[PDB]
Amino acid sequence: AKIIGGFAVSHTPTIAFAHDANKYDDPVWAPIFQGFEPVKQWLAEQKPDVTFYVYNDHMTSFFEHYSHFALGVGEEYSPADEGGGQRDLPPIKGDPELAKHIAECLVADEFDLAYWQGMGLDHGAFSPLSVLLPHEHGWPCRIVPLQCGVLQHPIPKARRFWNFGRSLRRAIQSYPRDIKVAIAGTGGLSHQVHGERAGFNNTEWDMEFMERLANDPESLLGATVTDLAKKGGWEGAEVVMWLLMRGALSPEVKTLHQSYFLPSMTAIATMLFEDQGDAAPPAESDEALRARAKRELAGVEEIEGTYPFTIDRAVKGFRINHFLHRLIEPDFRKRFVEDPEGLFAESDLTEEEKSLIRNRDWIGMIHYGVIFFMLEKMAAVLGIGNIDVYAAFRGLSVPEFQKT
């Protein structure tokens, strides 16, 4: 509920590869890294419980199904394989509770989202995180990733991004827990990595963009994709994510840091903004907001025999829902039948979850957080009729239950 500030950093895979190759000493990379140093230190001094981390995925975990604002509600996240094998980094913790509250506040504000769990984080996240946070063992904070689909046009308008960040700030502030949150916008600055125009940069624009983002960001809310792409290269237009981050911070900020290095394709830039706190008192109170978000499911617990599928539920049943969901894969459900045990022993499912499947325990699976449709798959596969599943739910014999 305390926003301490935000930072902005390029996320080019070259940062990661300079890190993994220990080019910290390298004549070329040494000074780049030194540019990371004040952000690294601030983060180490300020000790945020959570970083709300805005990035875009590069056709790795998001491709055949591609969304604008995909909020990560998961328990942990590991490096995505981008074709060369997973980088060697421990997994980093998510924050389902913060993510839930944020989703609720953002939906209330008529932002349409996507939720996701379990998928790799690509260079968009881990490239700069690996240089800004000690990871030799685990990570110093949790993360709530927000993947933004800036690659497949049409994409949301720059002003839409800013507005998301304006709602995001109130979402986090109203989070009724006493923690520190930092916000990260990532990507940029100028570059283009495709076409005969590959190699384009524009330091003049990068320098102008950073200054305006710091001191007059509402001035940018009119730029089209064409304006951004002309000035900052095609892929440089991803800087709408910095806009998002900046929107979440106070109207006015202190810029503690700025650095810029253009060694090859990408202008590798970082900024660190210290929140100044709400200039005014806020329009809607942390109380009216929390209730506004709580609204759509107000009273729902009065409904009995009923286990609503909320993020918390989805997160709690993920391991076993993911498992049961694979029953659409032919060799999988075939293994599910002929050799259920070696498959169980193949899984990350707990003994409890395995027990629930073996026991074909239907109402306890719903209890535990399995969504019905995954039972619908299991039942379909085992030759059980749906009716039997509703019989076992109701605690009745099929004929007993068939009273209608």
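Residue positions are given as counts along the sequence shown, with the first one as 1.
Determine, for stretches 38 to 46 and 375 to 383, which one has the higher mean CA B-factor as deposited. Mean B over CA atoms: larger for 375 to 383.
Quick one: higher average CA temperature factor, 150 to 158 or 279 to 287? Taking the mean B-factor of the alpha carbons in each, 279 to 287 is higher.
Tell me which of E329, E82, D88, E274 tops the list for C-alpha B factor in the record. So the option with the highest C-alpha B-factor is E329.
When you compare the CA B-factors of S78, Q117, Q173, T306 as listed in the entry, which one comes out on top? By C-alpha B-factor in the record, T306 ranks first.
Going by the entry, which third of its chain does the Cα temperature factor of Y66 land in? Middle third - that is where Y66 ends up once the chain's C-alpha B-factors are sorted.
What third of its chain, lowest, middle or highest, does the C-alpha temperature factor of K334 fall into? Within its chain, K334 is a highest-third residue by C-alpha B-factor, going by the deposited values.
Should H19 be placed in the lowest, middle or highest third of its chain by the C-alpha B factor in the entry? Its C-alpha B-factor belongs to the middle third of this chain's values.
In terms of the CA temperature factor given in the entry, to which third of its chain does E302 belong: lowest, middle or highest? According to the entry, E302 has a C-alpha B-factor in the chain's highest third.
Can you work out whether the C-alpha temperature factor of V398 puts it in the lowest, middle or highest third of the chain? Highest third.
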